[PDB]
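[1] below is the structure, and that's it, no one-letter string:
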RNA sequence: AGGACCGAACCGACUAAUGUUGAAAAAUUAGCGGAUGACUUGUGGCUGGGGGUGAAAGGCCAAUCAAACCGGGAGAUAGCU
RNA sequence: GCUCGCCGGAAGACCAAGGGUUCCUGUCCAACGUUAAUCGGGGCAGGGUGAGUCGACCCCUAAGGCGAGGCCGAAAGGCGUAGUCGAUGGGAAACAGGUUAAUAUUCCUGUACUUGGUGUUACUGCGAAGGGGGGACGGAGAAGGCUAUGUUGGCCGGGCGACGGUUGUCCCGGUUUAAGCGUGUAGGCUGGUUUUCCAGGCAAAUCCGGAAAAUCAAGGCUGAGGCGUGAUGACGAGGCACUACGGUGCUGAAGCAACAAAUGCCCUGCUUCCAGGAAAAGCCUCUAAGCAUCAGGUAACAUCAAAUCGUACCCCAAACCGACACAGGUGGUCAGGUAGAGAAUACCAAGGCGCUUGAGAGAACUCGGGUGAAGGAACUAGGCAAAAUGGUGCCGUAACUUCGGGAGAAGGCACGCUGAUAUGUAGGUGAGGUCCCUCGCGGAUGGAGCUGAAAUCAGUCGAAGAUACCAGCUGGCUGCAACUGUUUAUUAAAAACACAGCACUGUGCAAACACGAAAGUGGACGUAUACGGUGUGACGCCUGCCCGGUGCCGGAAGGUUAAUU
RNA sequence: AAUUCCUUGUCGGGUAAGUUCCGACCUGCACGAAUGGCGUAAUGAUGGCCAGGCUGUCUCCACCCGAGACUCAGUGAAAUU
RNA sequence: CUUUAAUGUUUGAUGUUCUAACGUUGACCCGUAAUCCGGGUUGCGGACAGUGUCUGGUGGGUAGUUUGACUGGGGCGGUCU
Ligand SMILES: [Mg+2]
Ligand SMILES: [Mg+2]
Ligand SMILES: [Mg+2]
Ligand SMILES: [Mg+2]
Ligand SMILES: [Mg+2]
Ligand SMILES: [Mg+2]
Ligand SMILES: [Mg+2]
Ligand SMILES: [Mg+2]
Ligand SMILES: [Mg+2]
Ligand SMILES: [Mg+2]
Ligand SMILES: [Mg+2]
Ligand SMILES: [Mg+2]
Ligand SMILES: [Mg+2]
Ligand SMILES: [Mg+2]
Ligand SMILES: [Mg+2]
Ligand SMILES: [Mg+2]
Ligand SMILES: [Mg+2]
Ligand SMILES: [Mg+2]
Ligand SMILES: [Mg+2]
Ligand SMILES: [Mg+2]
Ligand SMILES: [Mg+2]
Ligand SMILES: [Mg+2]
Ligand SMILES: [Mg+2]
Ligand SMILES: [Mg+2]
Ligand SMILES: [Mg+2]
Ligand SMILES: [Mg+2]
Ligand SMILES: [Mg+2]
Ligand SMILES: [Mg+2]
Ligand SMILES: [Mg+2]
Ligand SMILES: [Mg+2]
Ligand SMILES: [Mg+2]
Ligand SMILES: [Mg+2]
Ligand SMILES: [Mg+2]
Ligand SMILES: [Mg+2]
Ligand SMILES: [Mg+2]
Ligand SMILES: [Mg+2]
Ligand SMILES: [Mg+2]
Ligand SMILES: [Mg+2]
Ligand SMILES: [Mg+2]
Ligand SMILES: [Mg+2]
Ligand SMILES: [Mg+2]
Ligand SMILES: [Mg+2]
Ligand SMILES: [Mg+2]
Ligand SMILES: [Mg+2]
Ligand SMILES: [Mg+2]
Ligand SMILES: [Mg+2]
Ligand SMILES: [Mg+2]
Ligand SMILES: [Mg+2]
Ligand SMILES: [Mg+2]
Ligand SMILES: [Mg+2]
Ligand SMILES: [Mg+2]
Ligand SMILES: [Mg+2]
Ligand SMILES: [Mg+2]
Ligand SMILES: [Mg+2]
Ligand SMILES: [Mg+2]
Ligand SMILES: [Mg+2]
Ligand SMILES: [Mg+2]
Ligand SMILES: [Mg+2]
Ligand SMILES: [Mg+2]
Ligand SMILES: [Mg+2]
Ligand SMILES: [Mg+2]
Ligand SMILES: [Mg+2]
Ligand SMILES: [Mg+2]
Ligand SMILES: [Mg+2]
Ligand SMILES: [Mg+2]
Ligand SMILES: [Mg+2]
Ligand SMILES: [Mg+2]
Ligand SMILES: [Mg+2]
Ligand SMILES: [Mg+2]
Ligand SMILES: [Mg+2]
Ligand SMILES: [Mg+2]
Ligand SMILES: [Mg+2]
Ligand SMILES: [Mg+2]
Ligand SMILES: [Mg+2]
Ligand SMILES: [Mg+2]
Ligand SMILES: [Mg+2]
Ligand SMILES: [Mg+2]
Ligand SMILES: [Mg+2]
Ligand SMILES: [Mg+2]
Ligand SMILES: [Mg+2]
Ligand SMILES: [Mg+2]
Ligand SMILES: [Mg+2]
Ligand SMILES: [Mg+2]
Ligand SMILES: [Mg+2]
Ligand SMILES: [Mg+2]
Ligand SMILES: [Mg+2]
Ligand SMILES: [Mg+2]
Ligand SMILES: [Mg+2]
Ligand SMILES: [Mg+2]
Ligand SMILES: [Mg+2]
Ligand SMILES: [Mg+2]
Ligand SMILES: [Mg+2]
Ligand SMILES: [Mg+2]
Ligand SMILES: [Mg+2]
Ligand SMILES: [Mg+2]
Ligand SMILES: [Mg+2]
Ligand SMILES: [Mg+2]
Ligand SMILES: [Mg+2]
Ligand SMILES: [Mg+2]
Ligand SMILES: [Mg+2]
Ligand SMILES: [Mg+2]
Ligand SMILES: [Mg+2]
Ligand SMILES: [Mg+2]
Ligand SMILES: [Mg+2]
Ligand SMILES: [Mg+2]
Ligand SMILES: [Mg+2]
Ligand SMILES: [Mg+2]
Ligand SMILES: [Mg+2]
Ligand SMILES: [Mg+2]
Ligand SMILES: [Mg+2]
Ligand SMILES: [Mg+2]
Ligand SMILES: [Mg+2]
Ligand SMILES: [Mg+2]
Ligand SMILES: [Mg+2]
Ligand SMILES: [Mg+2]
C-alpha cells in the first residue's frame, strides 16, 4: 500500500512510502538476535575499499534459517516482522516440538499458515523440497547451489526462479537476470515468490532520507582536478575523454567477468 | 582560538611512552640513539 | 507530522568601522545565517607522505602542503651574483 | 570605617581534564609586578592533605591492540584461532550537627548500612568450563500526581522613629531539621492454581518451550510523594560576662497553615512513528560428572576483617592551551525577588569586584556617541553607512499556484489609572460536618478559607499610555540554482559541490570492484526489487538527423605474425 | 542572451535628460535538446532595475558629551643609519 | 613424374569416457572448551582451473626525460650549407 505524503514541506513533497499494517509492532525475538557493527567501507588494513558508505541508524542481526533443514515437523506462522538487514520481510515460525525460527516470508503467507520441509511435503508456497521432487515449470525462491550449503538465489523482495528443464542429475533454471544456469538436482528450493513486491515503488524524497541508510554523497568525476580523477580538469565544462572508472578502466561496454572454473554451468548469459 | 597542543596524560603515554617504544623494532632504536647520546631523560614518562 | 515558522544557549562567519611595530601571528564593536537535525558536543580508537582524507576549494594532514617534519647521501650541482 | 559605582543564567558557587605547593603563618623589598609598595601567586624559614561507605585499585565487556599454535612472506615482518588487555558503559554499602590559621561525607558527637571469614544451634541433598531467565537499551508527543522552591497569613522577639503623620488594616527579623526504619499511596504491568505427556533447549533436568484437561477468579510484581519514627535531640532571633577590642563562655522564645509551582521525580511508564534502536559479568534457576553418617545449602546469634594509592590549592581562570599577570579558547552541574511568553531584557538578593600608572588643562586632528533650521538620494561605482518599522487582541487582505502556500501580504482600530457590574466575576484548590464502608493513605455529599484572569459601562491625568530596556521596513519587474544543506582554517559562501529523481553499463556469488609481492579483508553475515562505475540534476511539455573520424562490442573464410622444432 | 564583435543595433515603456532595466524584431560574428532544450509556485546574508516611508549620505556644515592628542611626576620601546 | 586407392611407421588437431595428480570459501568426526589450522570419512569438479620460465599484443595506471639558435625586447613571419 503506497501512500503519497501531502506537500506540507519542501522535503515532504515527493515522498512515497510503503506501509504494511500486518508487521509486528513490538520488539523482535530476543534469542535470535545478534550484534553487528558498522564498518564504514574500511577493511582490516584501515583503508577505504568501498566508497560512499558510512553512518546511518543502528541495527541488529536476525538469524534466519536459510537451510530449512529440519524435516517431518510442521510449523505454524506467528507474525510477520520488519528486518532492517534486507529488503524482504521475515516470519517467525513455531515448530511442533517447541522450537522457533526466522524464515523469509513468501508472497501470500499470513499468520496461522502451515509449512513443511523435506522430500514428502506438499506443493504449496513456503515448503522446501529437493528439486528432484518439484515439477518442471514451478516458480521457486531461496535456491541452493550446493546441497547443504543454504539458499543463495532469489532472496530479494519479489524475485523468483523458474525451473525450465531437467536433464538427468542437473536442472536448468531461469534467474531474474534472464540467465540459464544448471544446478545439481539434489539442491533444495522453497515454493512461491518472495513477499514485499511493492518495495520498488517507494520514493525517498529528500537527501537526508538516504543518509538514514548509510549512503554518503557521490562526487562526479568531472568535478575534480586532473591529479584526482582521469576525468578531472577543464576551464569551464570540458570533457573530451572516453569515460572510465576512477582507476582508469573503461566504464561502459567492457566485460569484466573472467572466470573459467564455472563456465560449464552457464547455458546462456543475460545479454 | 583553539591551539594545537591540548594536553592529555593518557594519550601522551600511549604514544611516546616507554612501553610503546619497546614494542616495535624501530622504537627500540630510538632508545639506543638516546642512550648513546647520553640523555638524562629517555622518554616522556615522568 | 515536519532535513516546518519566529527566537535565546550552542554551531557559524554576509556587511561596515577600528586595529595593522595590534589587547589578538585572523580579534573587537554594531547588525547577520542555522537553531529536532545531511545537527552540535566530551572521552577513547582507526587511516602515514607519491600516501591518507576530501558534499571537490588543489582543500586539510600540529601557526609548514602542486607532495609534511627529522636525520642521512652531502662540502649535491651552480657556464650565475 | 563610612559613603559611591559595577556583575548577578555571572564578572556568583561546585565537579572533570591540566598544573604541582601557587594553600596557611612569621619575616624581607635587591631582582620580578609595565608606576611607588609597608603589599603579592616575589625571596627565606616553618606548618598543612586522616576514608569499610567519595574516586582509583577490583569483577565484566564495546570500538580497537597484542597474540601460544597456525597461514603467508628475500630478511625485517603481515594477518589471525584459543586466550589476554582495553571506558567514554554494567556491578555492595552514610547521613545531619560541630571543629582548625590552613583537611574533612575522612576528625569529633548522634543515628545507620553493605560484603565476606570463623564459631554454636536447628532443618535439609549439594554440585559447571553446560541449559534457561534477567541485566537489555530508539525518536517524538501528551496528560495526571508530586517535590525543590516561592508568596501570603498566623505565631514569637524587637520598634514607636533627625522633617508633616505613624498604638496601627503600621515597621524589621526569625519561623530549620538528614540518611535510615514501618506503612505500600496517585499510578503502571499482568489471569492465577493443580495434574498428564513431548521428535525442542548438543547429553540430563523438577528449569525454559510446546500440547491436553480440571478448578478458581482475584493473586502477584513495580511505584513518586505523604504520614509516624529518627528527634525530650541538634539548630535558632536575642540577651548576658570578660577581652590579650581578634574573639571566648552561658542561656536561648516561636518553630504552624493556605495558595502557586518546575526543563527535576513517578517515567527504563503511556501513546505513536519508521530510520527498527550495544556486549559480558554481578544476580535467579536447572541438572551432568562426583560425594553421599562426609562435603555442602538455608536460617538465628556471637565475633573478626574491609588492605594499598588520591585527598592541600587553581572553580570557564593572574595557577589549564595561547612566548606575558595577553580584551581569545575550555566538557558537566546549581538556578532567589519585581516586570516579562521566556535560561531574552532592565533593576536587585546570596556572593564577588572597581579591571597594578596618576594630577591638570578643556587647541587643531583621530576614535565612540547626542541634537539640528529649509530641502530630502541632489551624495555615490552602488541608499555603503545612518535614519526608519518593531508587542498583544480583533477587522481585512491581490496576481499567481505544484492547492500546501503567496501571507505576519498590503492596511486599520484599541491599549494608562480609578469606581461599579461583583464590599472579588467565570474558573482553580479545597477544611470542618453528615452518611456509608470489605475500615483505610477509603467512597459519596458538603461547602469555611485561600487564589483569581478577561470584558463592558462611567470618570480622570499628560504633548505622548506596546511611554524605559526589548522588538519585521514595505511593494512592483527580471537572470541563475528546484528547495534544507556543503565549500577555499587566515582577501572568493556564489550561479560552484551535494541532493532526491532519470539513463547507460558491468556483476550468477569463491560476484564485479578496491587495500594487499601473499595469506587475508571490505563489498556483505548482502544475492539482480542487490552491488559497483559513469553522466544529468525536483516537477511540467519533450529529448530530432549522422556510425564516415576516435572508442567500444560481436565473427573468423583469407594475408602477415613470437617463443618453439 | 551569464552567449551579439560591429553596438549606446532598431521600435515601444519608464525619466526634464536612461551605455543600465522591462517588452518585441531577426541580421544567431560564435544558442539548441541528458557536457540536457523551453517554462516553473515556494526558497536565497544570490546578480540587475524602479517606487513609498526615512533620514547629516548631500547642499553646507554648527554645537555638545566622553577616550587620546597638550603640560606635570614615575617607568620607558621601534623600524632606519 | 601427374592424377590416385590400398597394407604398414611419424604423430598434429576433435570430441567422448575414467580416476589416482590437483581444487573445494558442500556435509560430518577428532585434536578441542575453537566459524583459524591440521588429520580422516564422504559428495562434487578433474587432467580443466591455477601457478613458475620464455614469448607476441595492449598498457599516461606509473617513472625518467626531450621539446635549437639568430632576432633593433620575446612570440608569429623569415633564415641556417
Ligand atoms: Mg584490525
Ligand atoms: Mg545518485
Ligand atoms: Mg574544481
Ligand atoms: Mg591522469
Ligand atoms: Mg566552455
Ligand atoms: Mg570540443
Ligand atoms: Mg527546522
Ligand atoms: Mg529559515
Ligand atoms: Mg530562527
Ligand atoms: Mg534580533
Ligand atoms: Mg569571507
Ligand atoms: Mg568585511
Ligand atoms: Mg543569532
Ligand atoms: Mg557578532
Ligand atoms: Mg579526541
Ligand atoms: Mg594521495
Ligand atoms: Mg578516498
Ligand atoms: Mg583551480
Ligand atoms: Mg617531488
Ligand atoms: Mg645532510
Ligand atoms: Mg653548497
Ligand atoms: Mg656526493
Ligand atoms: Mg548593576
Ligand atoms: Mg543576561
Ligand atoms: Mg589531578
Ligand atoms: Mg615557590
Ligand atoms: Mg605572607
Ligand atoms: Mg624604594
Ligand atoms: Mg617596582
Ligand atoms: Mg610567596
Ligand atoms: Mg563506591
Ligand atoms: Mg585500569
Ligand atoms: Mg576483541
Ligand atoms: Mg595480530
Ligand atoms: Mg606465532
Ligand atoms: Mg579483562
Ligand atoms: Mg568508566
Ligand atoms: Mg556501574
Ligand atoms: Mg564513618
Ligand atoms: Mg593564625
Ligand atoms: Mg579550603
Ligand atoms: Mg559528617
Ligand atoms: Mg566520623
Ligand atoms: Mg574535632
Ligand atoms: Mg548463562
Ligand atoms: Mg545501557
Ligand atoms: Mg517507546
Ligand atoms: Mg512544599
Ligand atoms: Mg519624622
Ligand atoms: Mg515628627
Ligand atoms: Mg513579616
Ligand atoms: Mg513560627
Ligand atoms: Mg493503585
Ligand atoms: Mg552465568
Ligand atoms: Mg578541597
Ligand atoms: Mg579547576
Ligand atoms: Mg566564575
Ligand atoms: Mg593587569
Ligand atoms: Mg585573559
Ligand atoms: Mg530571573
Ligand atoms: Mg515583551
Ligand atoms: Mg573633546
Ligand atoms: Mg564624530
Ligand atoms: Mg536637517
Ligand atoms: Mg528643535
Ligand atoms: Mg524638520
Ligand atoms: Mg518625505
Ligand atoms: Mg544620481
Ligand atoms: Mg554626482
Ligand atoms: Mg545598510
Ligand atoms: Mg538604527
Ligand atoms: Mg511575490
Ligand atoms: Mg530580523
Ligand atoms: Mg540580463
Ligand atoms: Mg541553491
Ligand atoms: Mg567552515
Ligand atoms: Mg577565506
Ligand atoms: Mg523506473
Ligand atoms: Mg542491468
Ligand atoms: Mg550539472
Ligand atoms: Mg529535467
Ligand atoms: Mg541526442
Ligand atoms: Mg564508427
Ligand atoms: Mg560500421
Ligand atoms: Mg575486435
Ligand atoms: Mg557589449
Ligand atoms: Mg522610448
Ligand atoms: Mg532619471
Ligand atoms: Mg524618452
Ligand atoms: Mg533615479
Ligand atoms: Mg530606447
Ligand atoms: Mg544607476
Ligand atoms: Mg530584453
Ligand atoms: Mg525576443
Ligand atoms: Mg548555429
Ligand atoms: Mg550551451
Ligand atoms: Mg548533449
Ligand atoms: Mg542546467
Ligand atoms: Mg529556462
Ligand atoms: Mg523570488
Ligand atoms: Mg542556504
Ligand atoms: Mg534583488
Ligand atoms: Mg517597474
Ligand atoms: Mg527613492
Ligand atoms: Mg525624511
Ligand atoms: Mg559635509
Ligand atoms: Mg584611549
Ligand atoms: Mg637598537
Ligand atoms: Mg567427474
Ligand atoms: Mg591446467
Ligand atoms: Mg595455462
Ligand atoms: Mg609521465
Ligand atoms: Mg637526472
Ligand atoms: Mg632565442
Ligand atoms: Mg623585435
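    Okay, I see it. Numbering: from 1, shown residues only, chains lettered A, B, ... in the order given. Ligands and ions are numbered 1, 2, ... in the order given.

[2] okay, CA-based contacts and neighbour counts for the rest of this
    Will do.

[3] who's in contact with the residue nearest to residue A:153 when sequence neighbours are not counted?
    Excluding its sequence neighbours, the residue lying closest to residue A:153 (Cα to Cα, 6 or more residues apart in numbering or on different chains) is residue A:143, at 4.8 Å. Counting by Cα atoms under 8 Å, 6 or more residues apart in numbering or on different chains, residue A:143 touches A:150-154, A:161, A:187-190.

[4] phi, psi of residue A:143?
    phi -80, psi 150 (degrees, to the nearest 10).

[5] ok, the residue of chain B found nearest RNA strand E - contacts?
    In chain B, the residue that lies nearest RNA strand E is residue B:1 (19.7 Å; Cα to the nearest atom of the strand). The contact partners of residue B:1, by Cα under 8 Å, 6+ apart, come to none.

[6] let's see the ChimeraX selection covering just the buried ones among the contacts of residue A:143.
    A single ChimeraX command is used to select the members of the contacts of residue A:143 judged buried by 16 or more other Cα atoms under 10 Å in any protein chain shown:
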select /A:150,151,153,154,161,187,188,189,190
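
[7] okay if I get the contacts of residue A:143 as JSON lines plus distance to RNA strand D and secondary structure?
    Below are the contacts of residue A:143 laid out as JSON lines (distance: Cα to the nearest atom of the strand, whole Å; DSSP: H, G, I helix; E, B strand; the rest coil):
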{"residue": "A:150", "distance to RNA strand D": "9", "secondary structure": "coil"}
{"residue": "A:151", "distance to RNA strand D": "8", "secondary structure": "coil"}
{"residue": "A:152", "distance to RNA strand D": "4", "secondary structure": "coil"}
{"residue": "A:153", "distance to RNA strand D": "4", "secondary structure": "strand"}
{"residue": "A:154", "distance to RNA strand D": "3", "secondary structure": "coil"}
{"residue": "A:161", "distance to RNA strand D": "8", "secondary structure": "strand"}
{"residue": "A:187", "distance to RNA strand D": "14", "secondary structure": "coil"}
{"residue": "A:188", "distance to RNA strand D": "14", "secondary structure": "strand"}
{"residue": "A:189", "distance to RNA strand D": "12", "secondary structure": "strand"}
{"residue": "A:190", "distance to RNA strand D": "13", "secondary structure": "strand"}
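
[8] which element is the residue of chain B closest to RNA strand E on?
    Taking DSSP states H and E as the definition, one finds residue B:1 inside no helix or strand.

[9] ok, now residue A:78?
    strand A:75-81.

[10] buried sites along that strand?
    Buried residues in strand A:75-81 (16+ other Cα under 10 Å): A:75-81.

[11] contacting residues around the residue positioned nearest the centre of chain B?
    Most central in chain B under Cα atoms, centre = their mean is residue B:16, positioned 2.9 Å from the mean C-alpha point. Residues near residue B:16 by Cα under 8 Å, 6+ apart: B:43-44.

[12] can you list the residues of chain B near RNA strand E?
    Of all the residues in chain B, not one is in contact range of RNA strand E (Cα under 7 Å from any atom of the strand).

[13] quick check: residues of chain B near RNA strand D?
    B:1-10, B:24-25.

[14] which of those residues fall within helices?
    Among the residues of chain B next to RNA strand D, the ones falling in helices (DSSP state H) are B:9-10, B:25.

[15] dump those residues into TSV; add distance to RNA strand F and neighbour count as well.
    Shown next, in TSV, are those (distance: Cα to the nearest atom of the strand, whole Å; neighbours: other Cα atoms under 10 Å in any protein chain shown):
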residue	distance to RNA strand F	neighbour count
B:9	38	8
B:10	34	9
B:25	26	9
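
[16] show me which of those neighbour RNA strand C.
    residue B:10.

[17] let me know the closest of the ones in helices among the residues of chain B next to RNA strand D to residue A:166.
    residue B:25 (63.2 Å; Cα to Cα).

[18] with residue A:177 as the reference, measure out to residue A:267.
    Remark: distance between residue A:267 and residue A:177 (Cα to Cα, to the nearest Å) = 13 Å.

[19] many thanks, we can stop here.
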